[PDB]
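Values below: all heavy atoms of this structure, side chains included; hydrogens, waters and symmetry mates excluded. Numbered from 1 within each chain, the chains take letters A, B, ... in sequence-line order.
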Amino acid sequence: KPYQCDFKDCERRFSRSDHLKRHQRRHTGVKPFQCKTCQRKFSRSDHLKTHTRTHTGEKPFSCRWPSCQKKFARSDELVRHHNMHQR
DNA sequence: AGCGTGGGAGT
DNA sequence: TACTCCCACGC
Ligand SMILES: [Zn+2]
Ligand SMILES: [Zn+2]
Ligand SMILES: [Zn+2]
């Protein structure tokens, strides 16, 4: 992992330069990505994308359990729900 | 429950 | 560099 973070007291290292640059927004507070509906800004474009569903109500992730109609905005919410049904 | 926001990864 | 994804932790 040659891409080391030189910020004060940070010991993180990464194998990819883009992982380091993304990480460094934690230290600087930079939030490049802005929601066009509510104007909130975010550190990461993928988190802007899932945030925008709070406004649209879209829930593309459907439970696969027979006779369950529950749906979710994000994949990990569905993971948690499937775990709940039986594990 | 719903969602902010990291790391690691694939493309 | 760009993008999103899964997985994860946390509140
Ligand atoms: Zn750092
Ligand atoms: Zn918004
Ligand atoms: Zn279900």
Nearest to side-chain heavy atoms of [X], which nucleotide of [options]:
X       : options             : value
A:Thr54 : B:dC3, B:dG8, B:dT5 : B:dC3
A:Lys21 : B:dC3, C:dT1, B:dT5 : C:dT1
A:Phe72 : B:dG2, B:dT5, B:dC3 : B:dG2

Mind checking if [X] touches a base, just sugar-phosphate, or nothing, with heavy atoms under 4.0 Å?
X       : value
A:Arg25 : nothing
A:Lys70 : nothing
A:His19 : base

Within a strict 4.5 Å, meaning less than it, do heavy atoms of the [X] and [Y] side chains meet?
X       : Y       : value
A:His55 : A:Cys35 : yes
A:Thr52 : A:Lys36 : no
A:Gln24 : A:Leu20 : yes

- Query: Does OP1 or OP2 of B:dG4 have a side-chain N or O of A:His51 closer than 4.0 Å?
  - Reply: yes

Nearest-Å distance for atom pair [atom1]/[atom2], residues [X] and [N]:
X       : N      : atom1 : atom2 : answer
A:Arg12 : B:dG7  : CZ    : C1'   : 6 Å
A:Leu20 : C:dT1  : CG    : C1'   : 14 Å
A:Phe14 : B:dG10 : CZ    : P     : 17 Å
A:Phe42 : B:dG6  : CZ    : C1'   : 15 Å

- Message: For the CD atom on A:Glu58, are there more than 12 heavy atoms of other groups (residues, nucleotides or ligands in this structure) within a distance under 6.0 Å?
- Response: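 Atom CD in A:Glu58 is not packed in, count stays at 12 or less.
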
- Task: Measure from the side-chain N and O atoms of A:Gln34 to the backbone N and O of A:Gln39, and report whether any donor-acceptor pair falls under 3.5 Å.
- Result: yes

- Message: Please report the sugar pucker of B:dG6 as north or south based on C1'-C2'-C3'-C4'.
- Response: north

- Message: If a positive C1'-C2'-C3'-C4' torsion means north (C3'-endo side) and a negative one means south (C2'-endo side), where does C:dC5 fall?
- Response: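 Here the sugar adopts a north pucker, which is what a positive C1'-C2'-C3'-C4' value indicates.
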
- Query: Does A:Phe7 have its ring centroid less than 6.0 Å away from the ring centroid of A:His27?
  - Reply: yes

- Between A:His51 and A:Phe42, what is the ring plane arrangement, given parallel below 30°, perpendicular above 60°, and tilted in between? tilted

- Query: Between the base of B:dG10 and the side chain of A:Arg16, is there a donor-acceptor distance below 3.5 Å?
  - Reply: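 Side chain to base: pair present.
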
- Query: Which nucleotides of nucleotides 4-11 of chain C have their base under 4.0 Å from a protein heavy atom (B), which only their sugar-phosphate (S), and which neither (-), written as one string 5' to 3'?
  - Reply: BBS-B---

